[PDB]
Amino acid sequence: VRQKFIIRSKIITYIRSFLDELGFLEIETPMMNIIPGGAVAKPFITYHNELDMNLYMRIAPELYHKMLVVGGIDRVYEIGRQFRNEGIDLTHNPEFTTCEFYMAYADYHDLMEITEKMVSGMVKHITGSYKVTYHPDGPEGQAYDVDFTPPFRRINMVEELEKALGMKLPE
Amino acid sequence: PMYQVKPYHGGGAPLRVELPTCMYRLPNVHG
Ligand SMILES: C[C@H]1CCC[C@H](C[C@H]2Cc3cc(O)cc(O)c3C(=O)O2)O1
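These protein sequence lines are chains A and B, in that order.
So in the UniProt record's numbering, spot 32 of the first sequence is number 271, and the numbers just go up one at a time.
So in the UniProt record's numbering, spot 3 of the second sequence is number 4, and the numbers just go up one at a time.
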């Protein structure tokens with residue numbers, strides 16, 4: 240159990256090191272908002288006394304980060320808690336931790352390479368190789384080595400869905 | 002042999018003075 244949380248900490252610390260080294264500024268934005276945004280989710284609502292008005296817990300920091308980029312801070316990131324007032328299951332908890340970063344003069348192609356380098360580098364640094372063993376159904380089931388060797392496979396939503404369905408979709 | 006006289010330190014146990022101390026350290030898990 241200890242080892243799992245040591246690994247969790249190593250993951251977060253690795254990401255901070257990765258982004259700091261790329262010239263990102265670590266920032267903090269509001270967890271209480273007049274208007275929640277940046278994701279699709281049911282929000283938590285709370286009453287703030289001194290301002291005599293309801294506030295929402297953030298579901299994401301996205302809109303604040305973009306405003307900071309408008310402000311002239313070209314590279315920003317935040318690793319912090321978000322809150323989604325939704326259901327609990329194997330992969331969802333109402334409060335969970337995310338990293339968001341925003342990079343001026345980059346597009347999505349750039350973020351794919353950066354994602355590949357960050358994730359593959361993370362797995363390799365922490366586990367010693369690109370391949371990690373995973374039991375999708377727990378130890379009672381079969382295990383699979385998940386291969387994080389870049390580059391990652393790419394598929395296009397609409398085209399691949401067309402192939403998968405065996406039918407042409409609308410333009 | 003001359004008759005026994007207990008040491009002035011009491012005779013219970015060897016003097017054991019309190020010495021200066023230094024909080025131990027744990028290693029950086031990230032290192
Ligand atoms: C910021 C996003 C980007 C996509 C992956 C991940 C999605 C996120 C969704 C999500 C919703 C929710 O209500 C509770 C949760 O624990 C999660 C989660 O861990 O994963 O983080």
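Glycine included, each C-beta is placed from N, C-alpha and C at the ideal position.
Secondary structure at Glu265 of chain A, three-state DSSP: helix, strand or coil?
-> In the first sequence, residue 265 of chain A corresponds to position 26, counting from 1. Here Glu265 of chain A sits in strand by DSSP.
Which one of A:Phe257, A:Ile245, A:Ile273 has the shortest CA to CA distance from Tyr303 of chain A?
-> The sequence position of residue 303 of chain A within the first sequence is 64, counting from 1. For the residues A:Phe257, A:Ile245, A:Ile273, the minimum Cα distance to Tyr303 of chain A belongs to A:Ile273.
Own chain residues within Cβ distance below 7 Å of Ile251 of chain A, not counting five before or after = Within the first sequence, the letter at position 12 stands for residue 251 of chain A. Excluding residues within five positions, the ones whose Cβ falls inside 7 Å are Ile318.
Looking at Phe340 of chain A and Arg323 of chain A, is the spacing between their C-beta atoms short of 9 Å?
-> For the purposes of this step, residue 323 of chain A is taken as residue 84 along the first sequence, with counting starting at 1. For the purposes of this step, residue 340 of chain A is taken as residue 101 along the first sequence, with counting starting at 1. Contact flag unset, no.
Identify the contact partners of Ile251 of chain A in chain B, using a Cβ-Cβ distance below 7 Å as the criterion.
-> Taking the first residue of the first sequence as position 1, residue 251 of chain A is located at position 12. Per Cβ cutoff of 7 Å: no residues; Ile251 of chain A is ~10 Å from chain B at best.
Going by the beta-carbon positions, is the gap between residue 413 of chain A and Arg297 of chain A smaller than 9 Å?
-> In the structure as shown, chain A starts at 240 and stops at 410, and residue 413 of chain A therefore has no counterpart that could be examined.
Tell me whether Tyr4 of chain B is buried or exposed, calling it buried when 16 or more other Cβ atoms sit within 10 Å of its Cβ.
-> Looking up residue 4 of chain B in the second sequence gives position 3. Classification of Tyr4 of chain B: exposed, given that the 10 Å Cβ count is below 16.
What do you get for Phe263 of chain A, buried or exposed, if any count of 16 or more other CB atoms within 10 angstroms of its CB means buried?
-> Against the first sequence, residue 263 of chain A aligns to sequence position 24. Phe263 of chain A is buried by the Cβ-count criterion.
Ordered along the chain, which non-local residues of its own chain (more than five positions away) have a Cβ less than 8 Å from that of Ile365 of chain A?
-> What you label residue 365 of chain A is simply residue 126 of the first sequence in a count that begins at 1. Closer than 8 Å at the Cβ level, and outside the excluded window around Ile365 of chain A, lie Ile246, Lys249, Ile250, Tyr253.
What does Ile245 of chain A touch in chain B if you count any residue whose Cβ is under 8 Å from its own?
-> Within the first sequence, the letter at position 6 stands for residue 245 of chain A. Chain B residues near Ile245 of chain A: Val30.
Return the residue from the list A:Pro282, A:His374, A:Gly311, A:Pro378 that minimises the CA-CA distance to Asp384 of chain A.
-> The residue labelled residue 384 of chain A in the question sits at position 145 within the first sequence. With distances taken between CA atoms, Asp384 of chain A lies nearest to A:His374 out of A:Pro282, A:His374, A:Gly311, A:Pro378.
Pick out every residue whose C-beta is nearer than 5 Å to a heavy atom of ligand 1: which are they, in chain order?
-> A:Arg323, A:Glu325, A:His331, A:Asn332, A:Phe335, A:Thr337
Measure the CB-CB distance between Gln321 of chain A and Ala278 of chain A and report whether it falls below 9 Å.
-> Here residue 321 of chain A refers to the residue found at position 82 when the first sequence is read from its first residue. Here residue 278 of chain A refers to the residue found at position 39 when the first sequence is read from its first residue. Result yes, Cβ atoms of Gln321 of chain A and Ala278 of chain A sit closer than 9 Å.
Name the DSSP beta bridge partners of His287 of chain A, please?
-> Taking the first sequence and counting its residues from 1, the one referred to as residue 287 of chain A is at position 48. Its beta-bridge partners are A:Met292.
Cβ of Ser248 of chain A less than 9 Å from any chain B Cβ?
-> Within the first sequence, the letter at position 9 stands for residue 248 of chain A. When Cβ-Cβ separations below 9 Å define contact, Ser248 of chain A makes contact with chain B.
Can you grab the Cα-Cα spacing for the pair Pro409 of chain A / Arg393 of chain A, in whole Å?
-> For the purposes of this step, residue 409 of chain A is taken as the residue at position 170 of the first sequence. For the purposes of this step, residue 393 of chain A is taken as the residue at position 154 of the first sequence. Distance between the alpha carbons of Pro409 of chain A and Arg393 of chain A is about 22 Å.
Around the Cβ of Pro300 of chain A, are there at least 16 other Cβ atoms within 10 angstroms (buried) or fewer (exposed)?
-> Counting from one through the first sequence, the residue named residue 300 of chain A turns up at place 61. By the 10 Å Cβ count, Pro300 of chain A comes out buried.
Mind checking whether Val315 of chain A and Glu260 of chain A have CB atoms under 9 Å apart?
-> Translated into the one-based positions of the first sequence, residue 315 of chain A becomes position 76. Translated into the one-based positions of the first sequence, residue 260 of chain A becomes position 21. At least 9 Å separates the beta-carbon of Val315 of chain A from that of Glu260 of chain A.
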